[PDB]
Each structure stands twice: as structure tokens, then as C-alpha cells.
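Q: Here you go, one structure.
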Amino acid sequence: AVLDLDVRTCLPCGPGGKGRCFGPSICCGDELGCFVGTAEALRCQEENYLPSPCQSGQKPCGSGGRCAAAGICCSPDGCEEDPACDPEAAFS
């Protein structure tokens, strides 16, 4: 848990390290958005090598999960632009 060690967010995801993996074949990146079992989310395969901890939930929301990416309340079930964080949002 913790910040992995002090300042990092699990293992990066997408093109190089735009996002990361949140758990089950899922992924989330800043300018990348959030992917679940998608090409940009296959990075969870690298999590198969080293059982590694890493930061954790991203301030939960009532839109079905956590503030995944650029305002996406997502969990392991699915991701969706939650207006309570940044995309489909109002002043969030």
C-alpha cells in the first residue's frame, strides 16, 4: 500500500507510462483515461510477474467507484466519466 514506497503510482500503463493498473485487467491514465480489459489496459500482464503493492483507491465517489482518470469514477466492474471529478463534470 502506501505510495508504493513514498511517491509512485503502482506500475505505469498505456504508451510508456501514461496510466497504470488498478487491479483486474484494468488500467487508468491521466491523458489516457480509463480502460478495463482493453488494449491500453493489458499492462496488468506485467503485474503477473512481481506481486507488487502500490498506492491504492483514488478517493472513492458515489458514481460507481474511484476517481480513476481525468475524472472517471471507475472500479473493477467498469469505468465511466464521472461528472464528480473532471470530464463530464461541471466545475469538478
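Just so it is clear: in the sequence shown, position 11 is 11 by the entry's author numbering, and no numbers are missing.
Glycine included, every Cβ here is placed at the ideal spot set by N, Cα and C.
1. Among residues of its own chain, excluding the 5 on either side of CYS54, which ones have a beta-carbon nearer than 6 Å to its beta-carbon?
2. Any idea if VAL36 is buried or exposed, counting beta-carbon neighbours within 10 angstroms, 16 or more meaning buried?
3. Please go through the same chain and pick out, in chain order, the residues whose beta-carbon is closer than 6 Å to the beta-carbon of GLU80, but skip the five residues on each side of it.
4. Quick one: give me the first and last residue of the beta strand (DSSP E) that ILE72 is part of.
5. Residues in the same chain with beta-carbon distance under 6 Å from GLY19, minus the five sequence neighbours each way, listed in chain order, please.
6. Where does residue 93 fall in DSSP's three states?
7. Going straight from the alpha carbon of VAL2 to that of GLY23, what length do you get?
8. Please report how far the alpha carbon of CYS44 lies from the alpha carbon of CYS21, in whole angstroms.
9. Per the DSSP calculation, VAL36 is bridged to which residue(s)?
A: The short version:
1. Sequence index remark: in the sequence shown, residue 54 carries index 54 (1-based). By the criterion of a C-beta distance shorter than 6 Å, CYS54 is surrounded in its chain by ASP4 and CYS10, once the five residues flanking it on both sides are discounted.
2. Walking along the sequence shown from the start, residue 36 turns up at place 36. By the neighbour-count definition (other C-beta atoms within 10 Å, threshold 16), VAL36 is a buried residue.
3. On the sequence shown, residue 80 is found 80 positions in, with the first residue counted as 1. Counting only residues of its own chain and dropping the five nearest sequence neighbours on each side, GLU80 has no CB closer than 6 Å to any other CB.
4. The count along the sequence shown starts at 1 and reaches residue 72 at position 72. In this chain, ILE72 is not harboured by any beta strand (DSSP E), its DSSP state being neither H nor E.
5. Residue 19 sits at position 19 when you count from the first residue of the sequence shown. Cβ within range, chain order: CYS13, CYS27, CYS28, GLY29 and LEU32.
6. No answer is possible for residue 93: the residues shown for the chain start at 1 and end at 92.
7. Numbered from its first residue, the sequence shown carries residue 2 at position 2. Numbered from its first residue, the sequence shown carries residue 23 at position 23. For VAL2 and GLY23, the gap between their C-alpha atoms comes out near 16 Å.
8. Counted from its first residue, the sequence shown places residue 44 at position 44. Counted from its first residue, the sequence shown places residue 21 at position 21. Cα-Cα distance, rounded: 6 Å.
9. By 1-based counting over the sequence shown, the position of residue 36 is 36. Paired residue(s): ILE26.
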